[PDB]
Structure formats: structure tokens, C-alpha cells
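Take a look at the structure set out below.
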Amino acid sequence: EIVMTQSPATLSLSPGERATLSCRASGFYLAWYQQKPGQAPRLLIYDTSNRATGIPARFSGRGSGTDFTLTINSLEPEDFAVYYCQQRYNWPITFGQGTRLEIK
Amino acid sequence: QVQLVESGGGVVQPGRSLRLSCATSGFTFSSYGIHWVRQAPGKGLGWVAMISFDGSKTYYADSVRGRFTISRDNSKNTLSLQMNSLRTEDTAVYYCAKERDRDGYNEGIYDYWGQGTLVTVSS
Amino acid sequence: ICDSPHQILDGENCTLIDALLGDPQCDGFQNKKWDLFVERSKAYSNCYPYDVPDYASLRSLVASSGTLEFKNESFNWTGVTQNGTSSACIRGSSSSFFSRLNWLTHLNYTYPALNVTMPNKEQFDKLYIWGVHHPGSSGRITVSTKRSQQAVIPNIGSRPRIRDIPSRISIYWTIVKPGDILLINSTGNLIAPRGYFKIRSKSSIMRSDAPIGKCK
């Protein structure tokens, strides 16, 4: 199992601004998950660069070499939550320690 | 529509046997492989167990390897995570989550969840 | 993105590396030549799982080459059959596999040390792409040249089904300069290369998302 790190645990930004999320682990199958405080998480991304059903195009995943990234071109009030990066290569699936988006 | 409910959580002394049940509805239970995921108050998520597809296999995680016995009965559509030797690191909510493809084709992708049951271990 | 001055390639669902491998759903890009490569965010793969431990350098090199120009070279591989059909990587009505690699296994349930050799006769550098098929019980692989030994060991171990195939096709690259002679040895499951890709000396690659149109 890989020790998956993420961006600082809390990133504060105003709605509409651009944001970037990192999940340096040290190439594929690093689905992200969204959870609203007090809610069961939900799928946001199903691979390093593909979006799942219903997610706005504003969220874009890229990167490779255990140095992936998730850039948000314009934040919305619903975007301020916790984001965890998964990983599927190897049996033990290790979510990242997570990070929070806070309304600045 | 498909829905998942977790039950059996609560307070149990360390080392006492415990068994959650996660029933399902709205689909044939053999259609997907079941999972379990946890999160202690204020920490990041973690993986617990799994059944691959139709119950011929199981694969747990590191910190809890060997302790648990996840099993199911296809003739009644019921899941269970038999638990043994609870320890103080196991304070967390337990979700039973499903995946986004049938028979096992992308295992490791979760789209459906329950609400999550709380399990607490202490004196 | 203008078209008149520089040759662009776009690509509905092909990452540059996927076109390099010849993924069945990206096979239309074979032998294509470009000045700049442009990448959709939709990019995805449908074949065997895979991973290039040196993704960045391979991307930069292939993009700078500005050509695939694949040419089957008829390696020996005489001891065993070089074709392999996987349940994933569907191409058409039946199982398929990458179009620029082999999935050797071993005929007669025995894998002798193949000791393949191939002299690089041409005057220009050549690049050969091979992989190691991490299963999911024995085998070691080595690609030797006058400058390096790209030693690789199949990281055997169980894993999660990703496309109904719990394994990996980890892909490496191998430059073979003129005068140097590629040497290959094996003991088990090897993703045998099918032939070199030429390299041509100012192309680059840009990950722009702009639409496609005809204009200067």
C-alpha cells in the first residue's frame, strides 16, 4: 500500500477563484471522492482525468508519475467540502488524509 | 431506487464480538461487489473489507487484516461484517458502499453508499 | 488552435502514450506525423492496465520526435508464440491486445531463455518499447545494451480487477543507437516488443483544450 499525501489539510479560497489540489503519493486509477460535512461521501472522479456522472466540467484532473493534481478553474459554494484521493493499483486501497476547502 | 442501510453499531467493550448488517434493496445483490469503508471522527477515510462479486473471495486491509469475516448469503440478499477482537483504534463510522460496475469490472470505484453506522469501543 | 502554420493532431480519446502503444480504440493514429500534439481531457484507455515508471521523459521524447513511423522488424522469438488475447482491450467482436507489443506467455508451458538479438543497421537512433506482465510465479527480465541494463523483476502479487483483468503491463522504453546492438534475455512472462519507433531531430506537445477549427 502506498502512503498517499494530499495538499495542505485546509485551503481557503473565495467562490469563483481558481484552485488546485495535489495528491503526491510516492499513474492511473486515483479516483477522487467528495463528502459534504455530515454526509456520506460521493464519487467525483473515476480516473486521473475522467469525470463521473453529473459533475460540472469545472473540475479537471490531470498529472501522472504519482504526482497527480486536481485543478478547479472556478469555485462554487457547493465546492467547499472535503476531497479524498483514492488509489487502486495494489490490493490495499489507501485514501489520502484529505483536505478541506473553506470560504475565505 | 437502490438504497443501503447500516445497522448494529454502538458501544462494545474491546475484544467483544460484533457483527454489522448492511441490507440492500432495488437491485439483485449478486449484481455488484460489496465493500466497507470507515472514518474516525475528524480523520480521513479508510478501507475495511470486500466481497469481489459473487462471494467467492474476500480481501481486507492492513491494520485489520485477518480479524474480520465478511460474508453474504445470495439467497436472501444480506451482507455482514463479522468482527472479532475489537481495539481502541476502531472508533469510527462504518459505511457499506457499492461500486459502479457489475460482476467486478472496475472494482475500487464506489458510487452508492449507506448513511454509515457508528461503532464505539471503550470501557 | 491554428492549423495552417503547424501540423496538429488533436485526438478524440488518445493520450500520446496510448497512440504510441497502439491501443485498439486509438489505432487510427498509427504512423501519424505531427509538429505539435494536442490532448483532450476525455482521454481514456480501454486495454490492459499499464504504467510507465518514467512517463514524463517518454512523453517529452516521443513528442520531440514528431513521428511514430513504426516498422515491424521480425524479431526471432522462435521458441514461443507472440500473440495473446485478453478479455479486456476488445477490438471488434473478439478479444484483442496492444498493436505494438506481444503477450508471450510460453508455449508448451515452458519458457526457455530467449536470448534475442537485433542489430541496429540504420544510421539513425531507434526506440523499442517493451513491458513486464505482473501476474495476479517465476521469471526475470533484462534488456541490455552497451550503455545500460534495464533490469526489471515481475512484481508478482494479487490485485483488484480494473477491466476484468487483475494484472499490469508496466511499459519501459529502450534507446538503441547506431552501432549498438540490442540484447534481450528472459525467464518468464515478457511483453515482447514488435519493432522500433524512429526518432527525428523542434516539435513539442501542448495540453491545450481549445476546440478544433480550420483557420490560420
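By convention in this document, the chains of the C-alpha cells carry letters A, B, ... by their order, each chain's residues are numbered from 1, and ligands are numbered from 1 in the order they are shown.
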
Using only C-alpha atoms, select each residue of chain A with any atom at most 9 Å away from an atom of chain C, and give the selection as a ChimeraX atom specification. /A:27-29,47,49-51,60-62,64-65,88-92

Using only C-alpha atoms, find each residue in chain A having at least one atom no more than 12 Å away from chain B; report its shortest atom-to-atom pair and that distance in Å (one decimal), rows by chain then rising number, as a Markdown table.
| residue | atom | partner | partner_atom | distance |
| --- | --- | --- | --- | --- |
| A:1 | CA | B:62 | CA | 8.5 |
| A:2 | CA | B:62 | CA | 11.6 |
| A:4 | CA | B:44 | CA | 11.3 |
| A:5 | CA | B:44 | CA | 11.1 |
| A:6 | CA | B:44 | CA | 11.0 |
| A:9 | CA | B:44 | CA | 10.3 |
| A:29 | CA | B:108 | CA | 8.5 |
| A:30 | CA | B:108 | CA | 9.5 |
| A:31 | CA | B:109 | CA | 7.2 |
| A:32 | CA | B:109 | CA | 9.5 |
| A:33 | CA | B:110 | CA | 8.8 |
| A:34 | CA | B:111 | CA | 10.7 |
| A:35 | CA | B:45 | CA | 10.3 |
| A:37 | CA | B:42 | CA | 10.5 |
| A:38 | CA | B:115 | CA | 9.5 |
| A:39 | CA | B:115 | CA | 7.4 |
| A:40 | CA | B:115 | CA | 5.8 |
| A:41 | CA | B:113 | CA | 7.6 |
| A:42 | CA | B:111 | CA | 6.1 |
| A:43 | CA | B:111 | CA | 5.4 |
| A:44 | CA | B:111 | CA | 8.9 |
| A:45 | CA | B:109 | CA | 9.2 |
| A:46 | CA | B:109 | CA | 6.6 |
| A:47 | CA | B:109 | CA | 9.2 |
| A:52 | CA | B:111 | CA | 9.3 |
| A:53 | CA | B:111 | CA | 9.7 |
| A:54 | CA | B:111 | CA | 11.9 |
| A:82 | CA | B:44 | CA | 9.3 |
| A:83 | CA | B:44 | CA | 9.5 |
| A:84 | CA | B:44 | CA | 7.7 |
| A:85 | CA | B:45 | CA | 10.0 |
| A:86 | CA | B:108 | CA | 8.5 |
| A:87 | CA | B:108 | CA | 7.9 |
| A:88 | CA | B:108 | CA | 5.9 |
| A:89 | CA | B:108 | CA | 9.3 |
| A:90 | CA | B:108 | CA | 10.4 |
| A:91 | CA | B:59 | CA | 7.7 |
| A:92 | CA | B:61 | CA | 5.7 |
| A:93 | CA | B:47 | CA | 6.5 |
| A:94 | CA | B:46 | CA | 6.7 |
| A:95 | CA | B:45 | CA | 6.1 |
| A:96 | CA | B:44 | CA | 6.9 |
| A:97 | CA | B:44 | CA | 4.7 |
| A:98 | CA | B:44 | CA | 5.7 |
| A:99 | CA | B:44 | CA | 8.8 |
| A:100 | CA | B:44 | CA | 10.9 |

List the neighbours of residue C:156 out to 7 Å using only C-alpha atoms; skip same-chain residues closer than 2 positions along the sequence, and give me the result as a PyMOL selection string. chain C and resi 134-137+154

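The shortest atom-to-atom distance to chain B, with only C-alpha atoms taken into account, belongs to C:163 out of C:140, C:163, C:6, C:126.
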
Expected answer as a ChimeraX atom specification: strand (DSSP E or B) residues in stretch 2-104 of chain A: /A:10-13,19-22,32-35,42-43,45-47,50-51,59-62,69-72,82-85,99-103

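Remark: for chain B, the closest of the candidate residues C:181, C:46, C:69, C:176 is C:46 (distances computed over only C-alpha atoms).
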
Residue among B:39, B:1, B:58, B:122 lying closest to chain C, counting only C-alpha atoms: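 That would be B:58, the residue with the smallest distance to chain C.
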
Who sits within 12 Å of residue C:3, only C-alpha atoms, same chain under 6 positions skipped, as a VMD selection string: chain C and resid 9 to 10 34 to 38 211 to 216
